[PDB]
């Protein structure tokens, strides 16, 4: 018996498909290998037994590392206000999509979504308040359940 959050997927498409088959909501965790505040969140909040259970049991966690160096199969040239940028790594890919889809470039950044990508709560960033985080998770969960 050792209650700690287990990161399910790093891959968005496969995580979304698993969640869909298992009728679970998804938590997107935009994070970084060297992200100080992500790690502070992990140690101060994720280690709480109630938070850990909810994330492990009720959500499909997808950890999106914005500093992941894994090469993209081929590079992708994008236009972002207002010049060319070449996306080369998985990390570049996720930094870019966080900005264009959620209007944020910060980590930690948590987004609760349903199986069609609709947000289930407002986003949560860095805040070590355990009960506020629990409210954030339970609210998303109930908004998900109210879809069915």
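Residue numbers count along the first chain shown, from 1.
Higher mean CA temperature factor between 81 to 89 and 43 to 51: 81 to 89, per the PDB entry. Looking at mean Cα B-factors across 96 to 104 and 55 to 63, the upper value is held by 96 to 104. Note on 37, 68, 31, 118: the highest value goes to 68, judged by CA B factor as recorded.
Residue 145: CA B factor lies in the lowest third for its chain, per the PDB record. Residue 129: CA B factor lies in the highest third for its chain, per the PDB record.
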